[PDB]
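Here the structure is laid out as structure tokens; the discussion comes afterwards.
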Amino acid sequence: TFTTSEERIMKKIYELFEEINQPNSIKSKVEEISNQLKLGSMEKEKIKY
Amino acid sequence: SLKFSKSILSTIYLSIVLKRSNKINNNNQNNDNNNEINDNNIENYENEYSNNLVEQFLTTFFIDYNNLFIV
Amino acid sequence: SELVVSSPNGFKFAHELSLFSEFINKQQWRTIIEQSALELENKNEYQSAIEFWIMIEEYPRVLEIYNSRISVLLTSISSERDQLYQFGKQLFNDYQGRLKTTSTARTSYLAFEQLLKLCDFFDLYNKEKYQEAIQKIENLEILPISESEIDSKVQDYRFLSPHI
Amino acid sequence: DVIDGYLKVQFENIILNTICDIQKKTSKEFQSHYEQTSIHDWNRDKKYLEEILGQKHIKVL
Amino acid sequence: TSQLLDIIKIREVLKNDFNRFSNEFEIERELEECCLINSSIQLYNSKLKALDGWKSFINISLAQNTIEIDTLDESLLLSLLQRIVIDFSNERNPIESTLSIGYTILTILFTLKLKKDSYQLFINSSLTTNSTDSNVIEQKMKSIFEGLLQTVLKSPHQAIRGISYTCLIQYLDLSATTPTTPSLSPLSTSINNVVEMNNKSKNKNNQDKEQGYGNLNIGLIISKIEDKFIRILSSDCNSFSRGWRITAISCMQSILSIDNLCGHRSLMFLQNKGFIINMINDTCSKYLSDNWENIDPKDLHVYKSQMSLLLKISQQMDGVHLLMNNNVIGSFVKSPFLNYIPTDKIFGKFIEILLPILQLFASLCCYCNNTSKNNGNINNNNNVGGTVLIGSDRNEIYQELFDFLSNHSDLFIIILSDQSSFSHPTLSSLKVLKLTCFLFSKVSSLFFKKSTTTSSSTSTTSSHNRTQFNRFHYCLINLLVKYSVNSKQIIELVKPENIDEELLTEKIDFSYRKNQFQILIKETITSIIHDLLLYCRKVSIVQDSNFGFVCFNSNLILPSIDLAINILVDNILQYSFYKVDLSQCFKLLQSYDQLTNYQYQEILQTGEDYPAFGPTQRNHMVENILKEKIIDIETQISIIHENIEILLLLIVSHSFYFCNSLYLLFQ
């Protein structure tokens with residue numbers, strides 16, 4: 001059978017899976033910053049003096 | 001349902017366009033005149049309501065549920 | 001009104017302001033009396049305030065103040081209780097004609113003519129005159145003397161004033 | 001002088017807690033009304049001096 | 001016991017008096033009827049057995065926390081609660097069965113509160129963007145409330161109403177929303193720039209609708225039933241025995257916290273039934289008469305709940321008016337209890353009865369400030385004559401408080417000297433002192449006037465008023481010495497009086513280390529110093545800005561001006577600390593999902609239970625503890641800024657008074 005500490009660490013393994021995989025996850029945000037980079041949207045103009 | 005959806009969106013587009021022309025005209029006339037139950041309240045109420053309605057219509061479109069662009 | 005209520009002849013001066021009719025028209029005069037009477041109630045000067053409310057014939061407020069201060073004092077062995085009770089016996093002698101006519105404050109007059117008998121009952125109780133005290137509360141009609149009166153007095157009580 | 005016997009006590013505990021909650025709640029509400037009152041009194045009694053100081057400043061000129 | 005028909009004795013008597021019957025097939029049918037009635041009585045008894053089994057099974061399956069409260073499905077629990085609240089409203093109940101259902105309703109509502117106060121409710125239906133699903137949740141919650149009200153309207157049975165009153169309290173504690181976050185004020189924004197007014201309507205026109213609809217649904221239930229519900233409840237508040245009387249009075253307090261949404265109608269209905277004056281007279285005669293020493297401790301909780309209802313009334317504008325329209329201050333001030341000089345063997349019971357009166361009298365001062373917005377936009381004749389408090393009414397309240405404090409003078413001298421022969425002070429003597437200094441700060445301007453009005457008459461009374469003033473003044477000034485200079489020693493000498501305060505004596509504050517009790521003492525001492533400084537300001541600086549009485553003597557007997565300068569420096573230092581500490585609490589609230597396990601122990605402090613709580617549970621508990629502690633700190637930051645302004649004003653006014661007083665010796 002499970003122990004309360006195994007039920008509880010299995011919960012933490014699920015909680016830390018979802019934050020990585022849901023539509024508003026870490027994975028999504030690291031493709032948008034990558035999309036904005038491919039589409040030049042962070043290359044601010046280099047004024048020179 | 002897809003006809004009715006097209007017909008909502010085509011009528012919303014037409015009302016936003018007409019509202020955008022009226023807001024341009026009234027934004028001239030609200031400079032020019034200020035330097036030398038009231039039915040006015042109805043236009044102002046329908047002007048905020050027909051902003052917030054279009055805003056709620058677009059949040060209820062974009063904020064699992066398949067985003068209608070997917071479908 | 002600050003002048004009239006600070007005056008050590010205030011009632012006499014407020015009456016004299018009824019003669020200066022080219023300086024104070026009678027509506028301004030009545031409202032100087034209204035503001036002076038309220039600014040005597042604000043001092044606990046309930047007798048001074050009553051004589052001011054009498055000066056403008058506002059007999060509802062006269063009965064309202066009198067019943068309110070005498071009910072809160074009714075049973076007390078205090079100088080204010082006996083002073084206000086003799087003042088009430090004067091208001092009963094001389095003003096009862098006017099006080100017994102008003103359309104409003106009718107129940108306030110019934111209560112005034114019950115409180116001026118309840119004070120007379122407690123006068124005799126606090127002086128061991130128990131047979132005369134019994135006769136004062138019998139001749140007040142607020143209690144049952146027999147079992148046959150109980151449902152009547154248990155109804156009559158519902159038409160007293162909230163000062164009894 | 002004063003399963004199911006333990007359930008009696010648990011139901012009575014729940015009633016006593018539900019009575020205690022409101023008396024603690026009404027007390028934090030009272031504390032907040034007290035402190036907002038002295039804040040309002042200060043800013044009122046402050047402005048009264050700002051206006052009286054104006055009614056003294058002019059008088060020397 | 002349960003009775004059945006004796007089919008043997010019946011069959012024998014029917015065969016003795018056979019003379020009534022046409023033949024024996026009639027006798028055997030009258031026995032068939034008895035056998036049918038016994039069969040349905042047996043089935044009635046087994047349905048009652050099964051309820052008593054089912055209730056004890058469920059309440060044990062909840063009241064031991066044997067099911068993890070996170071996993072307990074609110075969609076199932078509300079569907080059960082909605083089902084059984086219908087039978088709890090049935091006038092064909094057993095009393096025993098309706099009570100067995102009622103105690104099961106009570107445990108389900110209490111377990112739902114124990115979910116709310118650890119986790120957000122209904123998360124699975126904010127993770128659906130379904131406006132349908134939150135509509136189904138309101139319709140369930142509403143079907144429970146309109147049902148619990150039917151059980152009150154229908155039932156004659158005290159304990160069935162009493163349980164429904166506990167369930168109605170827990171329902172209103174469930175439906176009340178948590179506080180919004182405080183709105184930080186960027187004080188430097190003084191220059192010209194035009195556009196961003198007009199967009200600010202929209203977002204409040206949403207969140208004020210969305211909190212609005214639930215509260216308006218409760219208000220649009222109460223405001224259909226009102227005349228019967230408040231009538232039954234105000235009867236029960238005086239018709240019930242002891243424990244359930246308290247439950248009805250607590251229910252009335254919870255309803256008055258919502259009566260604003262009906263329009264103060266429950267409050268107005270109570271005056272339109274004499275309930276306020278009748279409860280004042282029920283209070284003074286039974287708990288504030290000469291026999292107060294002999295009050296039964298079971299009904300001292302009836303006193304505390306009656307006083308907490310007067311305290312809940314004085315927390316409203318119309319409620320302060322309605323308490324003065326029943327002479328509340330004057331009708332408590334006439335009562336024998338207040339004449340009693342307390343002696344050591346009884347002092348705690350005197351404080352338990354004096355403290356709620358001083359809370360009520362302080363509460364009556366609060367509303368008398370809102371007169372200042374009279375922008376004359378004339379148009380419409382809505383003649384609703386609501387009594388905006390007049391220039392009379394705050395002076396009426398302050399006069400009954402002046403003549404209270406001045407008749408009871410030797411009791412208030414014993415309170416205001418704080419000559420504590422009790423070899424430890426307590427937090428409840430400080431609760432009483434916080435209220436006493438506030439009342440003298442409020443009434444201070446009448447204390448100046450009634451001691452300085454020189455009439456051309458009785459010199460023997462104006463000297464007496466000024467002798468009482470001098471006694472109170474030296475006590476209030478010596479408190480400002482004791483509580484500022486020995487401030488730190490007092491925080492190190494005070495003891496708890498209750499297990500609630502021992503549980504604040506173990507617990508640390510994460511902003512401060514101290515325990516939480518040593519902060520609640522300290523912030524009670526901030527309060528004592530603040531209204532003592534307001535008293536000093538109102539006594540040093542008079543109308544017209546003339547100087548009054550000297551609070552601090554010239555030197556660098558009264559104390560000297562070193563005291564005001566040291567209090568100013570310590571308040572400037574505390575104002576600098578709380579602004580760093582607020583700048584920590586807002587940083588914690590901006591990173592709560594990224595705090596260390598040690599910071600989560602530093603904030604939650606939940607013993608060896610701290611391991612058990614899940615992350616989403618800890619994060620929600622910390623997010624609401626940080627909301628509370630930001631509001632506590634932003635409040636103390638106001639009080640201590642205002643101390644700094646009061647102290648600067650006191651130092652400048654005394655310095656100016658002495659410089660003019662010296663100049664007037666050189667002409």
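Ordered as shown in the structure tokens, chains take letters A, B, and onward, while each chain numbers its residues from 1 and ligands are numbered from 1 in the order shown.
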Notebook entry, point to check: If we count only C-alpha atoms, which residues of chain B reach to within 12 Å of chain A? Please list them as a ChimeraX atom specification.
Noted result: /B:63-67
Checklist line | Residues of chain E within 10 Å of chain B, counting only C-alpha atoms, as JSON, numbers by chain | finding: {"E": [127, 128, 129, 130, 131, 201, 202, 203, 205, 206]}
Deliver the residues from the most recent selection as a file, using N, CA and C atoms, as a PDB file, in the first residue's frame.
ATOM      1  N   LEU E 127     -11.276  26.989 -13.278  1.00  0.00           N
ATOM      2  CA  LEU E 127     -10.517  26.329 -14.348  1.00  0.00           C
ATOM      3  C   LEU E 127     -11.395  25.870 -15.529  1.00  0.00           C
ATOM      4  N   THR E 128     -12.723  25.793 -15.367  1.00  0.00           N
ATOM      5  CA  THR E 128     -13.653  25.921 -16.498  1.00  0.00           C
ATOM      6  C   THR E 128     -14.066  27.387 -16.643  1.00  0.00           C
ATOM      7  N   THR E 129     -13.902  27.970 -17.834  1.00  0.00           N
ATOM      8  CA  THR E 129     -14.448  29.303 -18.184  1.00  0.00           C
ATOM      9  C   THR E 129     -15.962  29.269 -18.460  1.00  0.00           C
ATOM     10  N   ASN E 130     -16.640  28.272 -17.888  1.00  0.00           N
ATOM     11  CA  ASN E 130     -18.070  28.046 -17.971  1.00  0.00           C
ATOM     12  C   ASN E 130     -18.811  28.964 -16.985  1.00  0.00           C
ATOM     13  N   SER E 131     -19.400  30.049 -17.487  1.00  0.00           N
ATOM     14  CA  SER E 131     -20.359  30.858 -16.716  1.00  0.00           C
ATOM     15  C   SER E 131     -21.589  30.058 -16.243  1.00  0.00           C
ATOM     16  N   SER E 201     -13.678  53.464 -15.180  1.00  0.00           N
ATOM     17  CA  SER E 201     -15.039  52.967 -14.916  1.00  0.00           C
ATOM     18  C   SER E 201     -15.140  51.443 -15.084  1.00  0.00           C
ATOM     19  N   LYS E 202     -14.637  50.940 -16.216  1.00  0.00           N
ATOM     20  CA  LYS E 202     -14.875  49.588 -16.741  1.00  0.00           C
ATOM     21  C   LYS E 202     -14.638  48.454 -15.746  1.00  0.00           C
ATOM     22  N   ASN E 203     -13.453  48.399 -15.141  1.00  0.00           N
ATOM     23  CA  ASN E 203     -13.039  47.229 -14.365  1.00  0.00           C
ATOM     24  C   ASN E 203     -13.788  47.130 -13.028  1.00  0.00           C
ATOM     25  N   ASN E 205     -16.938  48.449 -12.771  1.00  0.00           N
ATOM     26  CA  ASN E 205     -18.248  48.045 -13.309  1.00  0.00           C
ATOM     27  C   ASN E 205     -18.357  46.515 -13.527  1.00  0.00           C
ATOM     28  N   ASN E 206     -17.243  45.767 -13.522  1.00  0.00           N
ATOM     29  CA  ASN E 206     -17.214  44.309 -13.394  1.00  0.00           C
ATOM     30  C   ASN E 206     -17.086  43.844 -11.937  1.00  0.00           C
TER      31      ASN E 206
END
Check: Which of stretch 93-163 of chain C counts as alpha helix (DSSP H) under DSSP, as number ranges by chain please?
Finding: C: 93-94, 96-99, 106-125, 130-138, 150-156
Report as an mmCIF file with N, CA and C atoms, in the first residue's frame the set of chain E residues whose atoms approach chain A to within 12 Å, with distances computed over only C-alpha atoms.
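Now in result.cif:
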data_model
loop_
_atom_site.group_PDB
_atom_site.id
_atom_site.type_symbol
_atom_site.label_atom_id
_atom_site.label_comp_id
_atom_site.auth_asym_id
_atom_site.auth_seq_id
_atom_site.Cartn_x
_atom_site.Cartn_y
_atom_site.Cartn_z
ATOM 1 N N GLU E 68 -9.286 13.499 3.438
ATOM 2 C CA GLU E 68 -8.471 14.696 3.209
ATOM 3 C C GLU E 68 -9.322 15.835 2.627
ATOM 4 N N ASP E 70 -8.961 18.676 1.117
ATOM 5 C CA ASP E 70 -8.687 19.058 -0.277
ATOM 6 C C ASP E 70 -9.473 18.180 -1.277
ATOM 7 N N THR E 71 -9.493 16.867 -1.025
ATOM 8 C CA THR E 71 -10.133 15.855 -1.883
ATOM 9 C C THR E 71 -11.655 15.799 -1.734
ATOM 10 N N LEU E 127 -11.276 26.989 -13.278
ATOM 11 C CA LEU E 127 -10.517 26.329 -14.348
ATOM 12 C C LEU E 127 -11.395 25.870 -15.529
ATOM 13 N N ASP E 593 4.907 32.045 -4.234
ATOM 14 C CA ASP E 593 5.206 30.735 -4.851
ATOM 15 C C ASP E 593 6.707 30.413 -5.028
ATOM 16 N N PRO E 611 4.495 19.932 7.913
ATOM 17 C CA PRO E 611 4.671 18.944 6.861
ATOM 18 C C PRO E 611 3.380 18.571 6.124
ATOM 19 N N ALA E 612 2.232 18.427 6.787
ATOM 20 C CA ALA E 612 1.000 17.880 6.210
ATOM 21 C C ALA E 612 0.412 18.748 5.084
ATOM 22 N N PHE E 613 0.351 20.072 5.273
ATOM 23 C CA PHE E 613 -0.282 20.998 4.323
ATOM 24 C C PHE E 613 0.331 20.890 2.915
ATOM 25 N N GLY E 614 -0.509 20.821 1.877
ATOM 26 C CA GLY E 614 -0.075 20.822 0.468
ATOM 27 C C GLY E 614 0.409 22.203 -0.002
ATOM 28 N N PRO E 615 1.153 22.323 -1.121
ATOM 29 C CA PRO E 615 1.688 23.614 -1.561
ATOM 30 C C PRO E 615 0.572 24.624 -1.852
ATOM 31 N N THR E 616 -0.419 24.289 -2.680
ATOM 32 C CA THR E 616 -1.560 25.177 -2.997
ATOM 33 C C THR E 616 -2.289 25.692 -1.745
#
Item checked: Exercise: stretch 13-26 of chain C partners within 10 Å, only C-alpha atoms, chain neighbours under 2 positions left out, as a PyMOL selection string -> chain C and resi 1+3-5+7-11+28-33+36+52+55
Save the residues we just selected, C-alpha atoms, as a PDB file, in the first residue's frame?
ATOM      1  CA  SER C   1     -30.242  82.591  20.533  1.00  0.00           C
ATOM      2  CA  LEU C   3     -27.354  85.743  23.562  1.00  0.00           C
ATOM      3  CA  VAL C   4     -30.873  84.755  24.828  1.00  0.00           C
ATOM      4  CA  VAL C   5     -29.684  81.396  26.316  1.00  0.00           C
ATOM      5  CA  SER C   7     -28.761  85.886  29.349  1.00  0.00           C
ATOM      6  CA  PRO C   8     -29.387  85.639  33.190  1.00  0.00           C
ATOM      7  CA  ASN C   9     -32.898  87.072  32.361  1.00  0.00           C
ATOM      8  CA  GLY C  10     -33.296  84.784  29.242  1.00  0.00           C
ATOM      9  CA  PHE C  11     -37.105  84.125  29.362  1.00  0.00           C
ATOM     10  CA  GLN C  28     -37.659  85.263  13.061  1.00  0.00           C
ATOM     11  CA  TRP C  29     -38.788  85.728  16.709  1.00  0.00           C
ATOM     12  CA  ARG C  30     -40.536  82.280  16.856  1.00  0.00           C
ATOM     13  CA  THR C  31     -37.375  80.664  15.374  1.00  0.00           C
ATOM     14  CA  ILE C  32     -35.119  82.482  17.920  1.00  0.00           C
ATOM     15  CA  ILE C  33     -37.418  80.810  20.549  1.00  0.00           C
ATOM     16  CA  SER C  36     -33.185  78.856  22.239  1.00  0.00           C
ATOM     17  CA  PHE C  52     -39.696  78.719  25.951  1.00  0.00           C
ATOM     18  CA  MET C  55     -43.957  81.098  24.816  1.00  0.00           C
TER      19      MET C  55
END
